[PDB]
Structures are given as C-alpha cells and as structure tokens.
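So this first bit is one chain, no partners, the form deposited in one PDB entry, shown in structure tokens.
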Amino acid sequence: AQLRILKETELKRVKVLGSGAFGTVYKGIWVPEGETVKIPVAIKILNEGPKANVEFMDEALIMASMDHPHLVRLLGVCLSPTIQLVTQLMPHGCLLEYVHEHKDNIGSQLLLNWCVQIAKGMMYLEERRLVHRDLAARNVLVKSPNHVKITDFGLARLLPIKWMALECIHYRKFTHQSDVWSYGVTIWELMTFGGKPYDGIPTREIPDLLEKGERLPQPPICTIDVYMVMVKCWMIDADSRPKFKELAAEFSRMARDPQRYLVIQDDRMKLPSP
C-alpha cells in the first residue's frame, strides 16, 4: 500500500465544486513530472488542522489502502500550504445531486443497484474495521449511472444530526451499526429522489422525535417490503439492526425483479399485487 505525495505546483485548481464543514472541494488538474499527462482530479482542502505528522501519515496510509469497487480511492496528498486530499474526478458528481437531476430518467433497477453497491462498499469498510461516521447520499459519488462509490470514510479520523443514530447524538458511540442507521437514511434519500430528511423540522427536536417512535415516512415509490428494511436500520437497539451483509443480500435479491419492489409511475398505471 503506497500513498502519493504531490507537489503544490503539481496541482492546479480550476474552480470550486462545494465546501462542507470539514473543508473545500476543488475541481483541479494534476501534472506528474514532465508535461505529458493531466488529470481531472478533485482536491479536498481541509481548513481550521490536521498537520503533517507521523499520526497524519499513518491515517492517510490506511485510507490509501482502502481498495474497493464502490469506495473512492485516495490517489495522493499535498502538504505544503495546508493538507490537501487528492482524488480522481467524478464528472457526474454526488448521488444526491444526480437523483434530483435525473428524477424522470431513473428506474427501479438502478435505484436497487445503488443500494447493493453502497452496502457492498460498507461491507469492505466493516471488514477492515473503518467506521464511516457520515454516510449520506452527498458522500456517495457517481462514476457512471450503474456505478457509485462511497467517499469521505473515516474523515473524522482526520478531523449530520439527521443521518446520525440516536446513540451517536447522545453518547457519541460511533460503530458499524450506527453506520447502518445512516445507510437507511441514505437509501431513503435515493427512493425519494433527493428528499431532505425530516424537512421543516429543527435539529434539536430530532432526538425526542426518534424516542417517541417516529421515523421517516414510507417513500411514495416504496413497497412495504423495501420500507421495512429501512425501518430495521432505525431500530433503537443497535444489535437488532441489519448487518451490511444482510442489506446487500436483500437488495441483490430485489435487484433480480426490480419493479416488483419499487413502483415508479409511463402513461399507463402500474398495479401492485400482494
């Protein structure tokens, strides 16, 4: 496992794509030694703090070692002004923006496929004991319509209430099963085609809401089948929630017959049986 260390001059910004609580993401170009190859790369500049350290390098090397189909790989890092995380550019952008823009041209197959892939990415993370802490549709990027990748895993190891599990809000106990909660919200966002969780509801009223038993509503295009899988991800007991093995297996089984589990309304109406 090898991390690339890039020069400040080897990276050239073009424009801002978006800035979060952690830092800022730049659409940039990367030029390896000489003048032959360029690249379409994304540059994450973290702003405060963390510092060129043995501790930092040790963490960056764990992230550089993360290698999946449905995880974004950390290509390299720059240090000279501040710490900058370098990543291959996903031209389609984040899944959250994608599902809103292509609402009318996304079917049941793709939606169920995204669920399988995100779960698969999370399995890898769980098997390597890396807890993501912040799994959301905005943190899943789009390589191609039928190919999404999870990003920003273990970013708290370097430095989202409505995605967080109740355990994490109160006791800050981040675990693989609290990531399952965030998965349920992530897939809910996908089913609603970019719906804002708990819309019109303040942040400080979320915990008491969840303790009464109230969860996010059944998405219009969901059958009770796929929705009960979601309901399971939001269980009060963390142990009761499904494992990422179970979720992948379930949406895989649903991906075989996709319009049996998601009803998206042609000119003709689609009629569900039970």
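Here, rigid core means the biggest group of C-alpha atoms that superpose within 1.5 Å across both forms. One rule holds for the numbers: they count along the sequence shown, beginning at 1.
The next section is about a form of this same protein that is not shown, the form deposited in another entry.
A.B. asks: Which residue, chosen from 229, 60, 216, 235, moves its CA by 2 Å or more between this form and the one not shown under a rigid core superposition?
C.D. replies: The one that moves 2 Å or more is 60.
A.B. asks: Establish whether a shift of 2 Å or more occurs at the C-alpha of residue 201 between this form and the one not shown, with the two forms superposed on the rigid core.
C.D. replies: No; that C-alpha moves by less than 2 Å between this form and the one not shown.
A.B. asks: For residue 41, decide whether the Cα shift between this form and the one not shown is 2 Å or greater, given a superposition on the rigid core.
C.D. replies: Where the cores coincide, residue 41 still shows a C-alpha shift between this form and the one not shown that is 2 Å or more.
A.B. asks: For residue 255, decide whether the Cα shift between this form and the one not shown is 2 Å or greater, given a superposition on the rigid core.
C.D. replies: No, shifts by less than 2 Å.
A.B. asks: How does the C-alpha distance between residue 151 and residue 57 change in that other deposited form compared with the present structure, closer or farther, given a change of 3 angstroms or more?
C.D. replies: So the answer is closer.
A.B. asks: Indicate closer or farther: the Cα atoms of residue 167 and residue 20, in that other deposited form, relative to the displayed form, with a change of 3 Å or more.
C.D. replies: Those two alpha carbons end up farther apart in that other deposited form.
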